[PDB]
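One structure is given below, encoded as structure tokens.
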Amino acid sequence: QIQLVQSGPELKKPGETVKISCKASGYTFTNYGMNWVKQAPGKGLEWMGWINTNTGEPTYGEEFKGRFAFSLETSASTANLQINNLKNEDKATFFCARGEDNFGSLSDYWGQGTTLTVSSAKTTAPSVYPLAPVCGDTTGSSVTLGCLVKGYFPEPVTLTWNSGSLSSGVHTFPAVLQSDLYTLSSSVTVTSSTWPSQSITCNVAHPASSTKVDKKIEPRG
Amino acid sequence: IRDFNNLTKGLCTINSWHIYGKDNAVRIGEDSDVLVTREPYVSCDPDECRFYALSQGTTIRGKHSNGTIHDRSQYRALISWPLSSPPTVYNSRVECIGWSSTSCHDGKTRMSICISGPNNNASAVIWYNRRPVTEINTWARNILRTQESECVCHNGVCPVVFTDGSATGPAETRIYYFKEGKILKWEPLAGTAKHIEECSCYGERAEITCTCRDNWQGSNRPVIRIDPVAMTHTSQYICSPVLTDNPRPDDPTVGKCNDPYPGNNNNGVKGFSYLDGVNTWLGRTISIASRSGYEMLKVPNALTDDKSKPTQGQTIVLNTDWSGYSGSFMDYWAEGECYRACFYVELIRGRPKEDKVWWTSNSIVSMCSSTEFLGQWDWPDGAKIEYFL
Ligand SMILES: *[C@@H]1O[C@H](CO)[C@@H](O[C@@H]2O[C@H](CO)[C@@H](O[C@@H]3O[C@H](CO)[C@@H](O)[C@H](O[C@H]4O[C@H](CO)[C@@H](O)[C@H](O)[C@@H]4O[C@H]4O[C@H](CO)[C@@H](O)[C@H](O)[C@@H]4O[C@H]4O[C@H](CO)[C@@H](O)[C@H](O)[C@@H]4O)[C@@H]3O)[C@H](O)[C@H]2NC(C)=O)[C@H](O)[C@H]1NC(C)=O
Ligand SMILES: *[C@@H]1O[C@H](CO)[C@@H](O[C@@H]2O[C@H](CO)[C@@H](O)[C@H](O)[C@H]2NC(C)=O)[C@H](O)[C@H]1NC(C)=O
Ligand SMILES: *[C@@H]1O[C@H](CO)[C@@H](O)[C@H](O)[C@H]1NC(C)=O
Ligand SMILES: [Ca+2]
């Protein structure tokens, strides 16, 4: 129905330039305008301005008049935020949303967001480490096994305990940055009947470094 | 004419819309002595059609345009001027003094009613042949209001709908029947409607239809049909799921004929409709939350069938453009088999949405109906709020 899928997350060293694309479907592009919003982590949601997909004319908000530039590939129904000279406080997530009415007071149907990690840091690819237990019956007739995905940059990382299949009783924890890199981990609990019996495998993909790992949590005990 | 008018025809087949009138008032008013108006409309004499509208007593550019978002004051006045010229200081005729009007011509001459006053002690004065004849002082004492577009007369008799009371709840709406300025009778609003404001009215086959505004609970519009001859009326709602008021809840699958449709209380926008069986066309803003865009929809039988969804449409003002108030009018003296249906769309520029400036004026767009299928265009007010800074 309306779906606005956006570009994937972007890493860019300070002072650089980025064009974040947003492709519309469901509606007639020209009769609804694009609203762009900044959800910066420790602060909240900010309107950036709005563009008229019929005339092409952008409005900008005060805090955005200057490096932000709205542009549109009408012909493919795409709005793009271009940010120039990436001052570090542009580390945030940018949502494009369809402005219902004229000027975009009502944003109904939002896009999934794109995350700009403005950073001097280098891409480091991860260390996927199978954590089999020192046995320890983790609750009656259950065992919890783990997967430490250390030392990578930038975020994200896709983690699936066996190709999407161990779905219930998984806890992937948020990643945390230790100055230059992140450390992420997941747990999964299974009944004793299932492990070491079947093959639980950590299927970790670092898409920035073209890295896909499958560490089998082998019984080691 | 030199004889009363009788609505002897029916509406013509409404198949598309052709532009009839364009003002460009705000665009030209950035460098001409133009008046700040709002609540515009169009009425025809036997002789000519004219744009009518409530002046604010200042030019867009003059420093007294500041704070013209306020609706009523002693500087407002019903004024009138040539079809499609701007409402200029030098070509406006003052019809009477007040902040609510209605004006119509009965075949012989015209009736204009301007309402004035403080909200708790207001009075209506009914001008006929440019002289005050009758006056009606308030009845419920909290803002006596009326049509905001032309009224319709049959054989001397003109029903005019007035509301006095609260816009948030039950108010005293009475239908007055005038003939030549004197009150012939008045009855109170009767029927299933729940609140009445700003009725847009047109007339055919000896009967008068008024699409009004439900300010208390309605998102579907209430309709008054007045027999001008017998001096009676009734009121029901527009059954159609195609909700036309604004702001509105999103349109349902099935709607409500004898009651207000729930969702947006204490709000509306004056609006109109052409109710003629298959040849019914409705108009709403395109936005559900705001007065942006304006579009026309053919919704066969929308008055009576409560699952009527639109079969043909026409975009009038683009959703990336502002609209405002709409109302019906026809040139009852034009030559032919039938009534060419027409309407207008106020184009509100200014405060509150475009508050970079402190004035609120508006422009006007008019269209009449074609039996043809003419292709469509959008019609923007057109000014750039940035050249007034
Ligand atoms: C040359 O000009 C001609 C003549 O103008 C052009 O042909 C005309 O072109 C029109 C556009 O193609 C066409 O109108 C459409 O007609 C269909 C019926 O076939 C009608 O349903 C359409 O109206 C709906 O869609 C428009 C947007 O396109 C909406 O703005 C409108 O509100 C209608 O949809 C909403 O209300 C419906 C009724 O409830 C709902 O079913 C629908 O879900 C939708 O609701 C949502 O939005 C509402 C507000 O926007 C909201 O309140 C609600 O809650 C929902 O959320 C449209 O009018 C004419 O019929 C066609 N005429 C002819 C003779 O061809 C031609 O293309 C031009 N040629 C060139 C080359 O440009
Ligand atoms: C007339 O317009 C002016 C600016 O054109 C308005 O100015 C503001 O007035 C309030 C006090 O009522 C001040 O707090 C603002 O800081 C003023 N701003 C400026 C730019 O001076 C003024 O309010 C308007 N109304 C009247 C009645 O003068
Ligand atoms: C107008 O209508 C009335 C009632 O229908 C009729 O008796 C009268 O003669 C008509 N006059 C004109 C000018 O049409
Ligand atoms: Ca309402």
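Below, chain A is the first sequence line, B the second, and so on; all start at residue 1. All values below were derived from every heavy atom in this structure, side-chain atoms included, with hydrogens, water molecules and symmetry-related copies excluded.
- No side-chain donor from either of B:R27 and B:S363 sits under 3.5 Å from a side-chain acceptor of the other.
- The aromatic rings of A:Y27 and A:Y32 stand perpendicular to each other, their planes meeting at an angle above 60°, with 30° marking the opposite boundary.
- Of the N and O atoms on the side chains of A:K216 and A:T201, not one donor lies less than 3.5 Å from an acceptor on the other residue.
- A donor atom on one side chain and an acceptor atom on the other are found under 3.5 Å apart for B:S287 and A:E100.
- Among pairs with a residue in residues 73-95 of chain A, those fulfilling salt bridge (charged side-chain N to carboxylate O under 4.0 Å, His left out) read A:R67-A:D90, A:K87-A:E89, at least two apart in sequence or across chains.
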Stepwise side-chain hydrogen bond (donor to acceptor under 3.5 Å, both in side chains) check, B:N264 with B:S219
CA-CA 6 Å; B:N264 188 284; B:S219 305; 5.7 Å; no
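- Salt-bridge check for A:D108 with A:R98: passed, with a basic side-chain N closer than 4.0 Å to an acidic carboxylate O.
- Side chains of B:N220 and B:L243 form a contact here, defined as non-hydrogen atoms less than 4.5 Å apart.
- If you look at B:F388 and B:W359, their ring centroids are closer than 6.0 Å.
- Test B:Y274, B:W281, B:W17, B:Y20 against B:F343 for ring-ring contact (aromatic ring centres under 6.0 Å, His included) and you get one pass: B:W17.
- B:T311 is linked by a side-chain contact (heavy atoms from CB on, under 4.5 Å) to B:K298, B:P300, counting only residues two or more places apart in sequence or in another chain.
- Residue-environment remark: NE2 (A:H171) stays at or below the threshold of 12 foreign heavy atoms within 6.0 Å.
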Stepwise, does the side-chain hydrogen bond (donor to acceptor under 3.5 Å, both in side chains) test hold for A:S209 with A:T211?
CA-CA 5 Å; A:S209 47; A:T211 311; 2.7 Å; yes
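- In this structure the side chain of B:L347 never reaches within 4.5 angstrom of the side chain of B:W322, judged on heavy atoms.
- Annotation: cation-pi geometry satisfied between B:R351 and B:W358 (NZ/CZ under 6.0 angstrom from ring centroid, within 45° of ring axis).
- Checked by atom type, the side-chain pair B:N246/B:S290 shows no donor-acceptor distance below 3.5 Å.
- For the pair B:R38 and B:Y325, the distance from NZ or CZ to the six-membered ring centre is under 6.0 Å and the angle to the ring normal is within 45 degrees.
- More than 12 non-hydrogen atoms from other residues, nucleotides or ligands lie less than 6.0 angstrom from NZ of A:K212.
- Distance check: A:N102 CG to B:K353 NZ gives 9.0 Å after rounding to the nearest 0.5 Å.
- With sequence neighbours excluded, no residue satisfies side chain to side chain donor-acceptor pair (under 3.5 Å) with A:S21.
- A donor and an acceptor atom, one from each side chain of A:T191 and A:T194, are located under 3.5 Å apart.
- A salt bridge does not link B:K270 with B:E197: every distance from a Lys NZ or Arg NE/NH1/NH2 to an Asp or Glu carboxylate oxygen is 4.0 Å or more.
- Side chains of A:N80 and A:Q82: no donor on one and acceptor on the other come within 3.5 Å.
- Within a 6.0 Å radius of NZ in B:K309, other residues, nucleotides and ligands contribute more than 12 heavy atoms.
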